[PDB]
Structures are given as C-alpha cells and as structure tokens.
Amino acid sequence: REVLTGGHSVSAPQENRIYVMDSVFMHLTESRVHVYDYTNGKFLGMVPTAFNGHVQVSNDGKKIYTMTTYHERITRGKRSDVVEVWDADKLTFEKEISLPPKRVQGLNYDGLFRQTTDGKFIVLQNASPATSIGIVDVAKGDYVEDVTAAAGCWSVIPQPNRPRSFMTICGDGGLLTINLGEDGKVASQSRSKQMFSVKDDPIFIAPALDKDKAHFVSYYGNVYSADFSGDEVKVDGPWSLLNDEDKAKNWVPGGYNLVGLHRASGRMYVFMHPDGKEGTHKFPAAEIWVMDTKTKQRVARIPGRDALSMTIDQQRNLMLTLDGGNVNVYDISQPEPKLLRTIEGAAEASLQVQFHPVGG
C-alpha cells in the first residue's frame, strides 16, 4: 500500500533554485513566490504571501523572508504588516515579526526589501505616505529602528563591502548612507553631494551594484556612479550609454529591475528600447545592451525578448530576465550573453526574480 506523506524538502539543491515573485495583480491578495530549478525549468514549490508580498532569501541561504499585509477579514478589520521567516528547504513558516502598519505596498523593486551584507538585519522601505526605512533584527525577531533621517528618500542599496551599511536615494538627487550598529540602531550617517538632477535627468532606482560602487541609469540614457570604497560616498556622472547613431533612433532605458552588473568583468546590462520619449521609461526591452563600465562604451547588444526585470548570479555567470510571465536564462561568462532556455508560465504578473544565494 502507498501512503501520502508530508514534511519533505525541496527536491533540487539550493544552487539550482530561483524565486519568481508573482504579484498576481489580478488577485493581489493571493500573491506568492514560485520556486523553480533554473537548470531544467522544474517547479519546485511555493510560498504564499497574501496581499502584495515582497521576498528575499537570507544571505546565508537558509531562510526565505517575506513581507506582507494581512487584515482580520482581508478587506476589513485590523491591519497587520509583517515579516515572515520561512525555512528555505522545507518551505514552511517559522516566525512572524510585527511591523508598524506602514510597510511599502507597491511593485517588487529589489530595493524595497533588502538585508545588510552580514545578514543580521532586514532593511525595508516604509511609506505612510511619509517615507522612512525600517530595521528588523532577524535573531531577535523584532522591529528595532525606524530611520526618519531617510524622509523624502526612497529604496535601499546595501553596500557589499561593509557589514551593516546601505544607501538610499534622496529628493535632493544625492545619496544618504546609513551605517547600523550591531544592535540595528543607526550608528552613523552621511550625505553625498548631488549626483543627478532630479528635474532634468532622473535616474531609475535599480542599482548595478558592485562590491564598492553602484551605477545608475537615467531616463535619458545617462549613467551615474556612487563610489563607496570610503566612508564618504563620492558621486559622478553623467556619461552617456548612447553614441550618435543610438541618439538618432532615440534609444533609452526602460523597465523595472532593469540593470545588473557582472562584478568580475565590470559589464553592466541594461534594458533598452528605441523611439524613447516622455512616458516610455517602463517599456519592455527591445534589446539588452552590455556596457563596459571602465571604458564607458557598449560592447554588445542582443534581443531583449520584451523583458522588464533581470537579476545576475556572479559565481555561475548567469543572468535571468523576466517579461512578466516567462523567465529567460542566460550564460554571461563571455561578453555576449547566450540564451540557455526559457521557463514559460513561471508567473502571471511578476516583475522580480532572484537566485538562491550561494556566496555565503
């Protein structure tokens, strides 16, 4: 006789796993994370995330963190905003961490729900609609700090060269850096000079993030950089993504999580489309452009497959792209990306895909 059992772990190794955050915007109270094997497209499991969930995997690979909103009776009753901790291998719920009822409700940009490099603190965006950054102590399971200094700023860019530091983009066109103490409270902060003109050359929030610097692209196809090799962030730019031929056909960037950086080479990947004008900044990619950030020149361009969001795995030299429903897997070990496969129907309405961390 056969017996149906539970309690099983995900059938593929962690290193094969990707996480497709399905907003299910048509039924946004039943958002979820779908877990796939990128090597063969196999569906491995899922984590339910209620209304407009956000997701990330712990930097040590052991846990999945979600952020979501519940109400006692969904459309009425008391609001509970939470972070949940889930086991990554069993895909089971472990802990709920209470948040104040102002966690950001919005599309799944990476920078709304992040963690410190050392993995000890979750760092999340609030909007009430006044903005602040919330800090959750993972070990304690507690919300421990509300960074009001970040009012008028938006999104979280962790610094991979420091254990508990991150930056945010402010309304003055500069960056605010926050360095947390080992208690999760603000230990120090600094403000850069103006990096970009908010009015004249607004940037996309998505960073192309290196170990000690970050690059940002603009609505008009310029590039700005923030170097955080020191305690004070040094800013520069613009340089243009575009040559004269590109400008004649009005090429500009477009998408959501629209850039990535391959750290070993310095290659930056950007979704681009022609006939750019006011209102096209979220258009699907006609092409992916591959930029050498050292020479400030394009090295390659390939078809974009209408992608809107991407992510990069450094150690296996991979790029995923996502068009809302389908995930493309690329090999980026060489300057021209090579398409390996497409996973069809990975989501109904996803703008974010992430690899399982392997770097520890």
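Numbers follow the displayed sequence, beginning with 1.
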| item | value |
| --- | --- |
| Entry-level comparison of average CA B-factors, 229-237 and 80-88, reporting the higher stretch | 229-237 |
| 214-222 versus 140-148 - greater average Cα B-factor per the deposited record | 140-148 |
| C-alpha B-factor winner, where the candidates are 31, 66, 321, 333 | 333 |
| Options 249, 114, 103, 282 - largest CA temperature factor per the record | 249 |
| Residue 186 by Cα B-factor - lowest, middle or highest third of the modelled chain | middle |
| Residue 37 CA temperature factor, ranked by third within the chain | lowest |
| Third of the chain, ranked by Cα B-factor, where residue 17 sits | lowest |
| Ranked C-alpha temperature factor of residue 62 among modelled chain residues, by third | middle |
| Relative C-alpha B-factor of residue 311, binned into the chain's lowest, middle or highest third | lowest |
